[PDB]
Amino acid sequence: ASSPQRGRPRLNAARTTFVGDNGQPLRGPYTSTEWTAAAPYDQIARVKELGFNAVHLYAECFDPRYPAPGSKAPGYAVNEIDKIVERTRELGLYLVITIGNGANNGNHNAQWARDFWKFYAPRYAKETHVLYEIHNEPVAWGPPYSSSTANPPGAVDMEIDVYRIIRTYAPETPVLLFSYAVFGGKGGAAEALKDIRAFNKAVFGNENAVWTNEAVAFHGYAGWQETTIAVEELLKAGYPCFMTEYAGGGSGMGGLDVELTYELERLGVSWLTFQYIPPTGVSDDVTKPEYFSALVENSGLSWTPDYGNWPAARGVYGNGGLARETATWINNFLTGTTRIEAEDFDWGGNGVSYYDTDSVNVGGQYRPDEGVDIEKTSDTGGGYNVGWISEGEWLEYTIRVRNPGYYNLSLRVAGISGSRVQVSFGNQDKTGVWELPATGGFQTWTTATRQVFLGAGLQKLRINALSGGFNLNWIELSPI
Ligand SMILES: [Ca+2]
Ligand code: NA
Ligand code: NA
Ligand code: NA
Ligand code: NA
C-alpha cells in the first residue's frame, strides 16, 4: 500500500513481544505533550536516522486532585496529541501512548485514568500505528500491585477497569499493562504473576489466559542484571513483554543502558529508551551522541534498522554471534576462555569492523571474501594468523567485560624491528603507544603483555597498527 502508516504491531510467533509490520521489534525514544507543544515533524523525523521505528508519548500527566475544583481534566492536550499521532503516521513510525506522572511517579488517580481512556481509546482506535500503555509507573515501585499494602492500593482494579474501557472502544489496539518501575529478579517475576493472574481472572475468566494482543510493560530501574532475570522468567511463564522506559544511570539520567539493550535484543523484547526528541524533555536528548549514538558505536551494539543505515551492520565472528565474555576468577580457576583468535575480528566490512589497505585478503585463508590478510600460522597450536599488517590498519572485536578492573592484555606476535600498536576499548585508549618485541622472523612467535584498566560492559576491543612489520596470532585478556 502507498500510505506511510504502519500496520498494527502483533505478538511475534515466539510470544516474547510486539513486533511491527516487517516482523522487527519496536525501538524508540520518547516525547511528551504533558505541558508542551507536540515536538516538530522535522525533529521526530530524526529518530529514523538513529535506527528507531517507534516513539513513546507521555501524552498527559494525571492530576492527583481530580475531579476537585481547579483540577486538570484528561483531554487537555488533545490538539498536541493529535499532531503526534499525525506526524508519526506520516513518518512511518509506531507510537506508544501513555499517561505520565509529573512529580507524582509511583502513583495514579484511578478516576482520571478511566476518564482519559474513555476519551482517547475511541479517538485513536483505528490508528494502526498506535499502541496504548495504560499508565506509567502507577505504584511505588513494582509488583505486586495486588497486595493490600501496595502504594497506592488498587492499581490492578484500575488496570482491569481501563482494559475494559479500551477494549470497548478499541477492540484491536495493542495494550501494554502495569508499566512496572522496578522489575527485578525471580521474585519480581513471581510477584508480577500474582498481578497477571488477578487481571486475567477478572477480564478473561481464567487466571492462565493466553494473551493475543497484550504485553507487560516494564521499566529498567531494577538494573540490567535483575531486570534481565525477571524478563526471562516472565517469558518462560508465557507472557510477552515490552520495555517502555530505562536509562543507564533508579535514575532516568545517563543515556542508553547498553547492557540492558543487549539483553533485550537477545531475548526478543521491544524497547523504548528514556532519551527525548528535541526540543525538550525531562532527561537527556537522544540526538546528543554522548547519550545514545556514541554509546552504541563504542559498544558494538547493532540491530537492523527500519530506516537508514545506522547502526551499521556488524557483529561477532564465531562464538555463536554473542559478544565474547571476559573470564573471571571463581574458586581459584578461570571461568572460561581468555583467548580471541586474531582472525575472528567482527564482521561488518572494510572501514566498519576492520580496515585493510588491500581490499582482497592477500593470504587467501579462513575468510577469503573479506579484506583482512590471513595465512596459516606455524606457531604452536596451528590455525591462522593475521599477516601483511600495514600502518593505519585496525581490527575490532566485540567483547563484554564482566567486572571492571585490571586485566593482563596479551598479544601473540611475530616480526621484525619497529613494530608498534595501540589498543582501545570502547574507543578509549588503554595502552598508549605499545612497542612490540622483535622476534627476528615473521613465524617466530612471542607473547607481549601489558596491564590495562577496563570498565564493565559491552565494548569493542580495537587494535590499531601504528606500524607494519608484525603478524598477530591471537589476543588474550585475563583478569588479574
Ligand atoms: Ca593488511
Ligand atoms: Na516524575
Ligand atoms: Na587485504
Ligand atoms: Na620492537
Ligand atoms: Na590465530
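Index from 1, following the sequence. Atoms within a ligand are numbered from 1 in the order they appear, just like the ligands themselves. Just so it is clear, the values below take in all heavy atoms, side chains as well, and ignore hydrogens, waters and symmetry mates.
No side-chain donor-acceptor contact under 3.5 Å links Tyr94 to the backbone of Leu131. No donor-acceptor pair closer than 3.5 Å links the side chain of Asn471 to the backbone N or O of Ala414.
Under 3.5 Å, the side chains of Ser424 and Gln422 contain a donor-acceptor pair of N or O atoms.
For residue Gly102, an N/O/S atom approaches the Na ion (ligand 2) to within less than 3.0 Å. Distance check for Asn101 against the Na ion (ligand 2): none of its N/O/S atoms falls below 3.0 Å. Look at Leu436 and the Na ion (ligand 4): an N/O/S atom of the residue is under 3.0 Å from the metal.
Residue-and-atom listing of protein N/O/S atoms under 3.0 Å from the Na ion (ligand 5), sorted by chain and number: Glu341 OE1, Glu343 OE1, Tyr384 O, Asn473 O, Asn473 OD1.
Looking at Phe199 and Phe178, their side chains come closer than 4.5 Å, going by heavy atoms from C-beta outward.
Here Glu263 pairs with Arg400 in a salt bridge; the nearest charged N to carboxylate O distance falls below 4.0 Å. Classification of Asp346 and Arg314 as a salt-bridged pair holds, one side-chain N sitting under 4.0 Å from a carboxylate O. A salt bridge is defined here as a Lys NZ or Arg NE, NH1 or NH2 lying under 4.0 Å from an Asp or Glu carboxylate O, and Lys460 with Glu297 fails to meet this definition.
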